[PDB]
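Engineer: Would you mind keeping the following structure in view while I ask a few things?
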Amino acid sequence: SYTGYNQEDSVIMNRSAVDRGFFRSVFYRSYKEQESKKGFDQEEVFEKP
Amino acid sequence: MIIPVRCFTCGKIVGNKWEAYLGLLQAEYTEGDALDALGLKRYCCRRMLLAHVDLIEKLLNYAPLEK
Amino acid sequence: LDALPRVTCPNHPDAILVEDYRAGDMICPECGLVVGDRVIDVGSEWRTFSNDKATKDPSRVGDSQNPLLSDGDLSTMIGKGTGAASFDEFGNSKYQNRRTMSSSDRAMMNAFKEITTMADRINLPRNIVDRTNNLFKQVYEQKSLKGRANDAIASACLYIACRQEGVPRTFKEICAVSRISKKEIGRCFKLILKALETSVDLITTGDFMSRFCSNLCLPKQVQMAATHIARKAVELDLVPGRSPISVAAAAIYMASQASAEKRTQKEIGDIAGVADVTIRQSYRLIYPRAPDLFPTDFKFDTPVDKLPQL
Amino acid sequence: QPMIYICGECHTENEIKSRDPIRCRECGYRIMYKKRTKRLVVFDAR
Ligand SMILES: [Zn+2]
Ligand SMILES: [Zn+2]
Ligand SMILES: [Zn+2]
């Protein structure tokens, strides 16, 4: 039971273990972008704005 | 992906005992004795090594370590 | 209030008016300066269709229609289905028939349909189709060649788009996926060039050496040699009275007969489309200098001292 | 200045540094993969 920071569906978790890499994870998001020609008189361009 | 330096629960360094262990199992079918010789007394340090899965070995096999 | 284009800074004329999207505010750096009735661009904003079924999008109060191919969008459509009441009172026609809208241009749309068919039959990219469609609209709007066969005009546009993107198809190839004659596509080609007052690059041996050697399942190394054979052949000016396609074909043959593959003249003829007598003549013309044309790094199978004659 | 552009499998620079179309010389692939910056970063061992 301890100090109650674990009351009702929570948990006290050991911080030094998370320091030693406990459950650490990596997250990747890939962003994608397209250079559309888009018809008659417009154009998209990859460049320094 | 390779055994962690120091066991989570307490701190006793444990990556150093991995290569030694695969040698002991090859020599003997005594997982009890293998863990004992390495000095992994308490079981937190023991679960670490006993429950590890070395994914790195399959992972290295792709030709392109170049990208 | 008409004097703006982003200017209303009270104390000093504007130099800049940065958009702080996150705050929903318009800021003026050298003083303090908000002035904003903020819109992060109404097109991101209405886009509140999300967690609810988005595959069908019940929120779509705005269809795309793709106007930049056309010009005149008209009306919505209607169609049968409640079981009925929807009179036909006596006859067998529920409610009413739908109605055509853009007829003057319906054969422009019909041209766009033909260009994509043609385009897929030789596995072209959408980028080519998009250039082709674009050229066509330009030619159509000028109305300078309205008399000509619309299908001939679409086919010629397809040829131009293919050459401008630096991967030309032969007149023989575009004719194949069409019903228009080679002469008529060629003729329209020149006229469009005159109509748009524009020009294209001159085809080289390299632009076709790739596709041909590929379709004949020839090794990569042999393709490389043929390229070199072709390039050098043009460099030594050994074929002043010959087309680059025919020379390309003759290089492919020489390479293939210098390797284990040895594709027959009829087969090369069959991929290239040119007459096999044309290759034979072109080969007879380059044969006297064959030793000098091959890459020094080429792995020979049959030496030139044993290269056949035909 | 070059924009490198290592290519897949060939393990060599593509070298393309201009507007010309992306395709690695010699190697038949046409996927690229922009190379790491020489600019230093830093990582805390915490
Ligand atoms: Zn431990
Ligand atoms: Zn100001
Ligand atoms: Zn490559």
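Cβ coordinates were reconstructed from backbone atoms using ideal geometry, including for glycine residues, and neighbour counts include every protein chain displayed. Each value in this text was obtained by applying a stated rule to the coordinates, not by laboratory testing.
Engineer: Tell me, which longest segment in chain C has none of the GluC sites (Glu not before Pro) that fall in DSSP loops with at most 13 further Cβ atoms within 10 Å? The partial results should precede the final answer.
Structural biologist: Numbers: sites that count: C:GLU30, C:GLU89, C:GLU197.
The longest such stretch corresponds to C:198-310.
Engineer: So, one more: What Kirkwood Rh does chain B have if only Cα atoms enter the pairwise 1/r average? Answer in Å.
Structural biologist: Values: mean 1/r = 0.0771 Å⁻¹.
Hydrodynamic radius (Kirkwood, Cα only) of chain B equals 13.0 Å.
Engineer: Nearest 10 degrees is fine. How inclined is helix C:206-215 to the longest principal axis of chain C, computing both from alpha carbons?
Structural biologist: Tilt of helix C:206-215: around 80 degrees.
Engineer: Check each of the chymotrypsin sites (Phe, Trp or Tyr not before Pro) in segment B:13-53 and keep only those in coil by DSSP with at most 13 other C-beta atoms within 10 angstrom; list them in order.
Structural biologist: Details: sites: B:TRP18, B:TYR21, B:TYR29, B:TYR43; in loops: B:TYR29.
Sparse-neighbourhood loop chymotrypsin sites (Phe, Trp or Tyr not before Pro): B:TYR29.
Engineer: How long are the semi-axes of the equivalent ellipsoid of segment C:64-108, taking √(5λ) for every eigenvalue λ of the Cα gyration tensor, in whole Å from largest down? Please list the in-between numbers first.
Structural biologist: On the way: eigenvalues 191, 29, 8 Å².
So the equivalent ellipsoid measures 31, 12, 6 Å along its semi-axes.
Engineer: Using a 10 Å cut-off on Cβ to Cβ distances, tally the other chain neighbours for every residue of A:36-45 and report the average as a whole number. Please list the in-between numbers first.
Structural biologist: Details: counts 2, 5, 2, 8, 10, 2, 1, 0, 0, 1.
Per-residue shielding by partner chains comes out at 3.
Engineer: Please sort by residue number the trypsin sites (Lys or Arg not before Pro) in segment C:133-173 whose DSSP state is loop and whose Cβ has at most 10 other Cβ atoms within 10 Å. Kindly include the intermediate steps, with their values, before the conclusion.
Structural biologist: Details: sites: C:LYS137, C:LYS143, C:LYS146, C:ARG148, C:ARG163, C:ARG169, C:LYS172; in loops: C:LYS143, C:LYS146, C:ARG148, C:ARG169.
In loop regions of segment C:133-173 (DSSP not H, G, I, E or B), the sparsely surrounded trypsin sites (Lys or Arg not before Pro) are C:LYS143, C:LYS146.
Engineer: What order do you get for C:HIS228, D:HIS11, C:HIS12 when you list them from fewest to most C-beta neighbours inside 10 Å? If you can, show how the numbers build up before the last one.
Structural biologist: Values: C:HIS228 19, D:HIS11 13, C:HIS12 10.
Ordered by Cβ neighbours within 10 Å, fewest first: C:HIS12, D:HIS11, C:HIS228.
Engineer: Could you give the length gained by full extension between D:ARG36 and D:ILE22, i.e. 0.36 nm per residue of separation minus their alpha carbon distance, to one decimal place?
Structural biologist: Values: separation 14, 0.36 × 14 = 5.04 nm, distance 1.81 nm.
Length gained between D:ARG36 and D:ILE22: 3.2 nm.
Engineer: Please compute P(r) over all alpha-carbon pairs of segment C:1-132, binned at 10 Å starting from zero, and give each bin as a whole-number percent.
Structural biologist: With 10 Å bins starting at 0, P(r) equals 8, 18, 18, 24, 18, 10, 4, 1.
Engineer: Which distance in Å, rounded to a whole number, links the C-alpha centroids of segment C:31-91 and segment B:26-62?
Structural biologist: Value for the Cα centre distance between the two parts: 62 Å.
Engineer: Next question. What value does segment C:131-264 have for Rg/Rh, both radii from Cα atoms and Rh as Kirkwood defines it? Let's see the in-between values first.
Structural biologist: Working: Rg = 17.4 Å, Rh = 16.4 Å.
With Rh from the inverse mean 1/r over Cα pairs, Rg/Rh is 1.06.
Engineer: Specify the residue with the greatest mean-square fluctuation among A:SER25, A:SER16, A:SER36, computed from a Gaussian network of chain A linking alpha-carbon atoms under 10 Å apart.
Structural biologist: Highest fluctuation among the options: A:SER36.
Engineer: Compute the Kirkwood hydrodynamic radius of the protein assembly as shown, taking the inverse of the mean of 1/r over all pairs of distinct Cα atoms, and give it in Å to one decimal. Display every interim value, and only then the final one.
Structural biologist: Values: mean 1/r = 0.0318 Å⁻¹.
About 31.5 Å, per the Kirkwood formula over Cα pairs.
Engineer: Next question, about the same structure. I need the Kirkwood Rh of chain D: take the reciprocal of the average 1/r across all distinct C-alpha pairs and report it in angstrom.
Structural biologist: Numbers: mean 1/r = 0.0833 Å⁻¹.
Answer for chain D: a Kirkwood hydrodynamic radius of 12.0 Å.
Engineer: Across 10 Å bins from the origin, how do the percents of Cα pairs in segment C:1-72 run, short distances first?
Structural biologist: Reading upward from the zero bin: 15, 30, 22, 23, 10, 0.
Engineer: Pull out the extension gain between C:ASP270 and C:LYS194, defined as 0.36 nm times the separation in residues minus the alpha carbon to alpha carbon distance; nm, one decimal. Don't jump to the answer; show the numbers that get you there.
Structural biologist: Values: separation 76, 0.36 × 76 = 27.36 nm, distance 3.35 nm.
Result for the pair: 24.0 nm of gain on full extension.
Engineer: Here is a further query. How are the C-alpha pair distances of chain C spread across 10 Å bins, as whole percents from the shortest bin up?
Structural biologist: Per 10 Å bin, starting at 0, the Cα pair percentages come out as 5, 17, 17, 16, 15, 13, 10, 5, 1, 0.
Engineer: Still on this structure, please answer the following. Rounded to the nearest 500, what is chain B's calculated 222 nm mean residue ellipticity when only DSSP H runs of at least 4 contribute -39500 (n - 2.57) each, over all residues? Walk me through the intermediate numbers first.
Structural biologist: On the way: 4 runs with 31 residues, N = 67.
Only helices count here, giving -12000 deg cm²/dmol.
Engineer: OK, next. Between C:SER70 and C:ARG47, how many nm apart are label points set 7 Å from Cα along the C-beta direction?
Structural biologist: With each label point 7 Å from Cα toward Cβ, the separation is 2.6 nm.
Engineer: From the helices alone, meaning DSSP H stretches of at least four residues, give me the mean residue ellipticity at 222 nm for chain C, per-run term -39500 (n - 2.57), in deg cm²/dmol to the nearest 500. Working shown, then result.
Structural biologist: Details: 12 runs with 135 residues, N = 310.
That comes out to -13500 deg cm²/dmol.
Engineer: Using only Cα atoms, locate the centre of segment C:232-272 and the centre of chain D, then give the distance between them in Å, rounded to an integer.
Structural biologist: Here the answer is 36 Å between Cα centres.
Engineer: Let's test the formula: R0 of 35 Å, r as the Cβ-Cβ distance of C:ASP301 and C:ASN127. What FRET efficiency results, to the nearest 0.05? Don't skip to the answer; put the middle values down first.
Structural biologist: On the way: r = 40 Å, r/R0 = 1.13.
Once rounded, the FRET efficiency stands at 0.35.
Engineer: Right, next: How many nm separate the modelled label positions at C:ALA176 and B:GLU66, each set 7 Å beyond the Cα in the direction of the Cβ?
Structural biologist: Rounded to a tenth, the inter-label distance reads 3.5 nm.
Engineer: Put a dot 7 Å past each Cα toward the Cβ at C:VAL277 and C:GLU261; how far apart are the dots in nm?
Structural biologist: The answer from the label model is 2.8 nm.
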